[PDB]
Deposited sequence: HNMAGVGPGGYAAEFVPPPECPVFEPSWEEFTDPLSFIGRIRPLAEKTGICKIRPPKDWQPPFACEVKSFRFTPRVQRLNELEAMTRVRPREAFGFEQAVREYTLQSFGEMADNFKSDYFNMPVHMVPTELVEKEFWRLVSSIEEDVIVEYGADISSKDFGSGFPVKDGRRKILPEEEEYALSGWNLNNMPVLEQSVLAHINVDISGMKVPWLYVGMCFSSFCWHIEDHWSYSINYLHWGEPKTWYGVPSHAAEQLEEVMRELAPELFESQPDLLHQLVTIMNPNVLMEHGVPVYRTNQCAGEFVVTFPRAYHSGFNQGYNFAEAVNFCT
């Protein structure tokens, strides 16, 4: 069965250390850049409100067939497996919890994170069992607002919430403008509504950017990360073992389907670290750190690429 990778570093900054995000990330870099990803737990009293327009939040999530790569005799009428379904935040959550409790035959919060992890990777490689889930991925914060409070006058902010609108850890306040000559001659966060087994495959960011990720609420998001010094190693294992039909594809397209069991990478000598990102915790990915992961259950994440 699946062997969990070693845990990535988790930091619990003091209030003093928590004042400036870029200063903090710069200070932890000697360790975190060697693990690709790290987790940051804010002080216990730092609790931003959830500021999305919940009443109107509607979306059509993308369908994810866990074993689509292993599955590569064409099945009758491929391309039409799943009927389309639009959800509200509430109705997606009802669907997500029902899916998970039915799947495991127990209440959603009683399913061990290790079991969802072992079962996810079993399902990804299984040809006997076709599990299909849905992911409310890549929803712009412009559509219904950020999960963080923002002083743009579109939504009421209470006095005790203003510090969160102004915080450097509010993802809308991270720096995003890359320096360049073109910048002198001539981005917002994205939202992710997850359910059990919804997932993201191995990738790095455009321009080898840092990214930062905040789980507003819900069940954990499980991460795997590879340090940048091993990026070429991972890419070589992909070349060797990924489907030949996709071998010649540019990285930007190949990354849409680069699913790989972390143990395969580990057996080929690639260092992999894991973490369960819980509600109220940040994950930071360092430049050219490959990462992938899946959601343990119904949850809500916000993410943005930032520059140093």
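- When the deposited sequence is numbered from 1, the segments without any C-alpha atom are 1-13, 86-88, 203-208.
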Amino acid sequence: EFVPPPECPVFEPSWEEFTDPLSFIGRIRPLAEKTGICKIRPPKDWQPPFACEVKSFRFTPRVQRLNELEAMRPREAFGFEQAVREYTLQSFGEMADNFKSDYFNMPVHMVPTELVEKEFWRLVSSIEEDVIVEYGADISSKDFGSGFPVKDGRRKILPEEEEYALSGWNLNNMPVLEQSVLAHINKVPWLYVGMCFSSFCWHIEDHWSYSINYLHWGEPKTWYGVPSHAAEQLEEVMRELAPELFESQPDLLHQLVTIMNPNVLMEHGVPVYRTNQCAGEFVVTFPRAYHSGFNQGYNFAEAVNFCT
From here on, numbers count along this sequence of modelled residues.
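- Note: missing coordinates for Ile185 occur in a third or more of the other compared entries bracketing this position.
- For the two regions 217-225 and 115-123, the entry's Cα B-factors average higher over 115-123.
- With 234-242 and 77-85 compared on mean CA B-factor from the PDB entry, the stretch scoring higher is 77-85.
- By the numbers in the PDB entry, the CA B factor is greatest at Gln179 among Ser101, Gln179, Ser209, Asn172.
- Per the deposited coordinates, the residue with the largest Cα temperature factor out of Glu129, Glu163, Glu134, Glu94 is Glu129.
- Ranked within its chain, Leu191 lands in the lowest third, by CA B factor from the PDB record.
- Ranked within its chain, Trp15 lands in the highest third, by CA B factor from the PDB record.
- When the modelled residues of the chain are ordered by C-alpha B-factor, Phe282 sits in the lowest third.
- Ranked by Cα temperature factor within the chain, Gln90 sits in the highest third according to the deposited record.
- Per-chain ranking of the deposited C-alpha B factor places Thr275 in the lowest third.
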